[PDB]
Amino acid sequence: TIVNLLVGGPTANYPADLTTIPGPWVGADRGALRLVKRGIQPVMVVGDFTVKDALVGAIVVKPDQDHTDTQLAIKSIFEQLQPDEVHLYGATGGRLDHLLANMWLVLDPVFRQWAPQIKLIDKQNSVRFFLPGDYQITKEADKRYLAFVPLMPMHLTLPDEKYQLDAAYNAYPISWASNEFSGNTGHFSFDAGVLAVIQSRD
């Protein structure tokens, strides 16, 4: 099962008509209002808020003290709805501080356990996160570029991509943008931190 979470980024970055994206929807802050405005009934709304009307059929989660509403929404989704995956929409564009918080959200030890189950999606990008190990990914038909992004120090190996790396160490965050798949699949291995993999298009 997949739960869709909508945060407050610009609508111009949505990959498609949200009513077109299947799966239960959850909205945080502005995200909830935009889901409602689109006639979408959320299974859960996070924040302090037709709304009251849409909230009867939804699990309402008020803001707390230790979490951002986005972090709270993520934590609440996995603990209460318990899906296999959460697709984050509205997480890019606009305010950069929100964007970066969304991208580095899984670094916090409490949310890292879910890194493998969280994906950011917008019209030009798909973002997945990985924990140390060996993996195989497949090219997304509509994407041209592939990028490996170490969010923390690690030894990264890319044995079969257009550009490769042999247990390369990064002492700080780095974005190896503009790589590409040789064929339809590719492998990668790393021994620490968290790795973000981004497939993008123009």
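Numbers for residues come from their place in the sequence shown, where the first is 1.
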>> Counting only residues that lack coordinates, how big is the gap in the deposited sequence between residue 49 and residue 50? Pick none, 1 to 3, 4 to 9 or 10 or more.
In response: 4 to 9
> Given the B-factors recorded for C-alpha atoms, which segment has the greater mean, 171-179 or 146-154?
Replying inline: 171-179
> Looking at the deposited entry, does 56-64 or 129-137 carry the larger mean Cα B-factor?
Replying inline: 56-64
> Which has the highest CA B-factor per the PDB entry: 9, 24, 186, 193?
Replying inline: 186
> C-alpha B factor of residue 198, ranked within the chain: lowest, middle or highest third?
Replying inline: lowest
> Based on the entry's values, in what third of the chain does the Cα temperature factor of residue 5 lie: lowest, middle or highest?
Replying inline: lowest
> Should residue 43 be placed in the lowest, middle or highest third of its chain by the C-alpha B factor in the entry?
Replying inline: lowest
